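For reference, chains read A, B, C, D and E in written order, and residue numbers begin at 1 within each chain.
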C-alpha cells in the first residue's frame, strides 16, 4: 500500500549559473546526487533536470529540454527528491513517447503500474542465463554468418547514409526463432527515419506490441542521455516483470554519445579520445549490458543498438567502446552499399560472440558452424586475392585465388544480396551457402570437417 | 566643406599607467586601468627609454592585457610606464604616401618627414556594405598568357599567387605590376612586405624604381628581422592606405601582400602565445576571419571610381594546396595563381600551373564586348586538353608511348607545345589578350575540329 | 541596464546584470551593439555581440531587451538583402550615406514607409482565429502576389475587429483579437524567435523533386522539395555556383539565399544578376529577384553573426513555407557557420571537442537541418509548403573527414560531393559520382512514373556505366588498355562521352545554363541508347574500332546534344531529340 | 482491390463496439471504488508527515 | 510488377487501416481510465476544500502543514504564505508552531515566523500554506492543492491497485 505519502518539495529560486546545458544552484539544502528537479522558467514552462554533481551547497543540474530562456532571478528549481522514475505499465505497449517519456501519440499519460528507476539495478551475474536460443533474422548474412541469440546485445555498425534503418526494420519485421515486443528508442534521428520506423511497424502490425521513444533531431539534445535508459527500463519491465521477449532497437547511439560529449564538455572534465568523456565506457556498458535472460524469468531482452560510425571508422571511440561492451556487431559497409548490395553487411568486421553457442549441433543444423567458418575464410581469401590482383596483376593470383575471386563475386551478388521483405530461413541460407561453397573442390574446402563435408557436399 | 577635420583641433590627455601587474610572452597584464578600451593602442615606455606600441586584446575589470608589437623583452613592472592613447590604431593617411617607404609599423623608413596626415583611419577598417559593392567586370590584361587567357583578373579582384620558397613568385608579381592595364581603356600600387628578406624587399623596390612605379607606390617593408607581432598590422596599414587612396581619392590601387604565409605564421605565433584554439596545423581557429578581414578589403564600391586589386603573394610550406594558409586563402579570395615547382624545374617561366589556378571573375569580364567572343570557350577547351595532356603523360610514363591512343598522342603534343610556347614568356614580354588568344587558337588547331568538344559550335565555326 | 565587465573578441561578459535570460538579446555598449547571452555566472552574463567589438570600454551600459533574437516577419523582405541580424543593407546604405556597415545601426528590418495593399481574408469579425491562420493577403510584387498575412503562431482568440480592404503600412493595425478578455492588436508583420522553429500542423514526406537545372544533380542525385542537401568540396569546386544556379533555375516558389562567411563580391554578383534574370512562373516573365531575399554576412563581418544569419534565413524560409510556398533555403557555408561557432566557443574557453569545434556543433547542425521539410501549415486554410535546405559545406583542405562535414552527412539526405580533380580542368559540375548519393531516389519514383517513367531506369543504367568505367580505368592505369574486350572499350568510351557531355554542364553558357528535366531525360535517352546500340552492334560481331570510325557522326551528334537551347521549348527540343535517336539507329544499322 | 478496401467505417463501428464493452466496466469500477480511493487520498493528504532530514 | 507493387501497397494500406482503427479504439479505452482517474481527483479536490472550511479540524491540519514545511527548511526564520482567510489562525498558532518546530527538530525554537502581506489565490488554493525562506528564496508549496498534485503523481500505482485488480500479465 506504499505510494500514499506526500513529501513537499523544496522550490529554490537560487539559481547561480547557466553554463550551456547545465544549471548550477547555490543554496540547496542537503542536495541529493542524481536527483530529478523541475525547473520553472520565467515564461512558466517547466523543464526537468538531473543533478549531475553536488557540493556543500551547490548542485549542478543538467536540463533535459535545454537551458535556453533560463533566467537567474525568476527561475525556480524544485527538487523532487528521487532519481528519474518512469511510470511503466502493461498498457504502455502500443504507445509513442517523447525523449523524456511523455506521450506524443495524442493519448493520456501512462496509467502507472509501477515507477521504475531509469538506471535500474545491476543484474546478478549468477542470475543471468546464457542466451542459447537463436533468432532467425531472415537476413542471410546474419542468420548464417553472425547468428543472433535471443538475449544478445549485437549492434549495427553503419556509417552515415547507409541503410542501417532499413536493415534494423527488416530484422524487427522478421525475427522469429530458428511474437517479439519491440522497444524502439530514437535518439537524434531525423523525422524521415522516425516516420520510416513508425510506418514500417504499423504496416507490419508491430504497433500493437511496440513502444517508440522518439527523440528526433528537432528535440533537445540532453534528452538523448535519458531516452535509451527509459527505453531499456521499459524493456526490462516488459521482459522481467511481464515475461515477454523484447527486441530493443536503440538507434543513433553515436548521437547519444555526442550528447554525452556535450554534457561532459560543459563540465570541463578530463576527456577521453576525441573529447568524449572518460566514463563513456561506463555509460555505454550501463546501457548495453541491459540485455539477456535471467533464471526465474521466461523473458528476454534482445538488444540491437543501431550505431552510426562517424566516418566509417571502427577505431572511433564510439564503435570501439561499443565493440568492447556489446557482444558482436553487424558491420554495414559503405563499399558494399556503393556496389549496390543490400543488405550491405560486410561479414569480415561483423561478429557474433554467441554464434558458437546458438548455432549448430541440432539447434539449427549440423553444418551451420563449419559452413559459416568456411564462408568467412573464403571471403577473406577472396578480398585479399582481389587486392593482390589489383596491385600485382592477375599473375600473382593462383588457381585458388581465382576461385576465391569468383566465389566472392557470386557471394556478394547472390548470398549477401537479399531484398527487403525476403525471409531466408536459416536452412535455405545454409543451402545457398553450400551452393556457393560447391564452387570449390572438396579438397580445397579447409575448415569444413571431413564428416560434414562428406555428408553435405 | 569638410567638417571631419573640425573635431581634429581637440587635445585629449592620455593617462600614464605605471601599474603593470604582470608580463608573460608577448602580453603584459596591466591592472588598475580606468575604463580600459577593448582595442586601444597604448604607447609602452621601457625603463631604458624605448617606446613600444601595444594594443589591448582583453580587458577585465580594471585590467587590460596589452600585446606589444616589438616584444616584451626588457619590460619591467617597477619602471615601465604605459600611456593609453584611448583610441584604436589609426594610420595617418594622405596622398603624399604615394612615393614613400614605410616600416612594418607605418613609420617612414624613407629618410623623409612624417606623413602630413590628411585623415586618421583605423587600420582594422570596416566591412564594405555588400549592397554598396560593384562586381568587378573590368578585365586587366596583365600581359601574362597564363593569367590573361586561361585565368583573367578583373579589377577589384582578390587574386593571390600560390608559390613555394624558391619559385619566382616575386618576379611574376613584379611582372604583373609593370604590365597591369585595363584590357579596354594607371594603377597606384601599394606594397606590403611581411617577413620577407632584404633581398626580396630590395628586389621589389628596385623593380618599382626601374619600371617607374615608385612615384605612385607606398612600400610597407616588414623585413625578416623586424618584429613578428607587427606582421599582423602591416597588411592592415597597407590595406587602409589602399582603401583611402582608392575609395576616397578615386585611384585604382594594386595591393601586393607578399608572404601572407609569413602573416599567417605571425598570426599562429600570437595565437599559440595565448591559450587559443589550434584550428588546423596549429593555426588559429579564427585565421579564416583574420585572412578575410585582410583579403575582402579589395573590390569596387558603388558611386566611387576607385578600386583595389589584391595580389597576396603566398608561400606554400610544402608545395601543397591543402595546407591551412593556401586552403583558407583560396576559400576567401576570388581565385589563385598557382606557381608550380614541377614547371620551374622544367625551366618554364612563368611556372604557372594552370589546373590548380582559378579566377572567379572570369565569367564576368569574359564575353563578346569585354574581350573577344571566344575567350571563355577557348579557356575551357585549353583547360580540358591540358588535363588530358597531363593524364596522357602519366599513362605514357606507366605503359609506354605506344599504348596511347591518337587523342592521347595529340594531347601530349598539345601539352608540350602549350607549356613550351603558351605559358612560357619573357620576363618583360607582355602579350595582349588577343595575341594570347590567337596562340591558344593555334594550339587548339593542333586538334581536329571534332575533338574540340568544349567550344560552342558557332565559336568553332567562326574561329577554327 | 547592466555594465560591461570583460571584453575579449566577440564575447562580452557584463556585470551588474541580474535577470538576463539565456539567449536573450542585449544592446551592449553605447552604440547599442546587438548581443546574445550565452552564460549567466551569477550576475555576469557572457554576451556574443553580433557586431564589431573594438571600442567597447569597461563600464559601458548593456540594455536587456527581454526578447530573444527575433527575426521580423512580414511583407517587404521579398527583394532585399540583410546583414544576419536582419538589417536591410540597402536601407543601411541610404541612411548612412557610406559604403561601410555602421556599428549599432538600428534600421527597421521591414520598411515602414511603404504602403501595402491589404485584402481581407475569409475570416470575419467573431470568427475564432488561431496561430497561422491567413486573415488577409497583400500584393507584394508581380511575382510574389497575394503575400498571405498570417496570424502569429502562439496567438489565438476571436476577431473583435478586422481592417477592411485598402492601403496599410506595417505599423498600422490590421486586426484585433480578444482572448481571455485581453485585446491584442495585430499588424502586417510579426517577430518570431530564430532559435525556435516555426510550428506546422504536420510535416509530410516530400515527394516532388526540386529541379536544380544541373543535369547531374537532376538525374543522378536528385533532391526533393523539402529535403536537406549538402555540397561538400574544396575551394573552386563550384559549391557556390551550384547554389546560385539552384537559386536561379529551380522550381522553388521562393529562395532564401544565405551567405555565411562568403565574399561580398558573390552577393554583389547576385544583386547585379538576379534582376536581369527572369522566371516563367506565375504566367509571366518576372525578375528572379522578386522572389529571392538575401541574408548577406560577408566573411569579414562579425564572427558571431553567422549563426544569426543562418537562423534568420531559415526562419524566413519557414515563414514562407507557412504561407505555402515551396521555398528552398541555401546556406552558402554551414562550414563557416561551424567555424564561427568554434571561434565563439574558443573565446568562451569551452572544451575543444573535435578539431576545436564545440561538442554541441553536431546537435545545432542537426536541428538546423531538421528545420527543413515539406509540411502542412499550422493554420487554415490548408496549404503545404516546403523548405528545401541546400547548404554548401566547405571542409578545410578539401577533405570530407571534417567534423562539420561528417555531422552534415549524418543529418542530410542528399550528398553532392565535389571533387577538386574535376573542379580543375573545368569539369563542372565537379560532382564526384563515386561518393555522391541521394536518398530521395526511391521516393521520387512516384513523380517519375507520373512524368518520365523510364527516368529511374536510365539513371540506374548511367550509374552502372560510370561505375564499370571507374573500375575499368583503375585497371587500365596499371595494366594498360590493350587487354580490354570490345565491351569494355565501349563502356569506357561511352562513359567518357557521358562525363564530357552529359554530366558536365557549363553554368555560364546560354544552352546549358538551365537544362530542364525534359531535356535532361532526352539526353539520358540519347546517351543510353547510343551505348546500347554500340554494345548490340559489337555483340553482332563488328570490330569496335571500325564501328567507332563509321559512327563518329552519331557520337558527335550525341556529344552536341548539350547545345539544344531549352528556350526553343519542350516540343521543339523533344522533336530535335526524337530525330537524333532516329538518326542514331539508322547510322548504326548501316554500319 | 479498391472495392475490397471499402468497409473502413463498418470496421471502425465494429471496433468501437468492442471498446464500448470495456468502458462500461471502467465506469462501474470507478463508481464502485471512488469512495474508498477518495477516502484514502484525503487521509494521506491531511495526515501529518513532520520529520527532519536523515542527514 | 506495377500491379504486384500496387497489390502489396493496397495490402499494406489495408493493415494500416486496421492498425489505425485498433490504436484509436485502444487509446479510447486508455483515455477512459484517465478520465475516470481525473474524476476521483476532482471529487478529492472538492472533499479537500471541505476539510479547509471546517475551521475546527483544520487548525490541527493547518499547524501540521506549517511544521512539516518548517522541518524541511530547517532555518530559524520563515515567511508563511497563507490564504487571507487563514491569517488569523496562523497568527493565533504562531507560538505553538514555533514551539513544535523547536521540539520536533531537536534544535532551538524558530526565531520568528513572519506572515507575508501577499496572500495565496482564493480560487486556486483550497487550503494550506506556502512556507518560504527568510529571504523568500527557498519556499515549500505545502498547500492542499500542491499536496494533492504530489499524491496524484506518486500514489498512482496504489490508486490503480485499489481500483483495478493486479495486472494479470505481471509475474514478478
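To be clear about the criterion, contacts are C-beta pairs under 8 Å (C-beta built on N, C-alpha and C of every residue); 3 or more make two chains touch, one makes a residue touch a chain.
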item: Farthest chain relative to subunit A (centres taken as mean CA coordinates); value: B
item: Subunit B-subunit D separation of Cα centroids, rounded to whole Å; value: 76
item: Whole-Å gap separating subunit A and subunit C, where each centre is the average of the chain's CA atoms; value: 34
item: Cα-centroid distance, subunit C relative to subunit E, in whole angstrom; value: 50
item: Computed distance of Cα centres, subunit E from subunit D, in Å; value: 19
item: Where subunit B touches two or more other chains at once, by residue number; value: none
item: Residues of subunit C touching at least two other chains; value: 352, 478-479
item: For subunit E, residues contacting two or more additional chains; value: 22, 26, 33, 68, 72, 74, 147, 151, 155, 158
item: Interchain pairs in contact, sorted by label; value: A-C, A-D, A-E, B-C, D-E
item: Subunit B contact footprint on subunit C (complex, rising order); value: 5-9, 15, 52-59, 81, 89-90, 92-93, 98-101, 234-236, 261, 263-265, 267-269, 271-272, 296, 298-301, 303, 336, 339, 342-343, 345-346, 349, 352, 355-356, 394, 396-399, 424-427, 477-482, 500-501, 506, 508-509, 511, 552, 556, 559-560, 563
item: Interfacial residue positions of subunit A with respect to subunit D in the complex; value: 4-7, 29-30
item: Interface residues, subunit B side, partner subunit C - complex; value: 33, 35-39, 57-62, 88, 122, 124, 126-136, 156, 158, 247, 275-280, 285-286, 288-289, 292-293, 295-297, 299, 301-304, 322-324, 327-328, 330-332, 334-336, 355-356, 358, 360-361, 363-364, 376, 379-380, 383-384, 386-387, 394-395, 398-399, 403, 405, 450, 453-454, 456-457
item: Subunit D residues touching subunit A - in the complex, by the definition given at the top; value: 40-41, 44-45, 49, 53, 55
item: Contacting residues of subunit A [partner subunit E, same complex]; value: 1-14, 27, 29, 87, 89-91, 94-95, 105-109, 111-115, 199, 202-205, 207-208, 240-243, 296-298
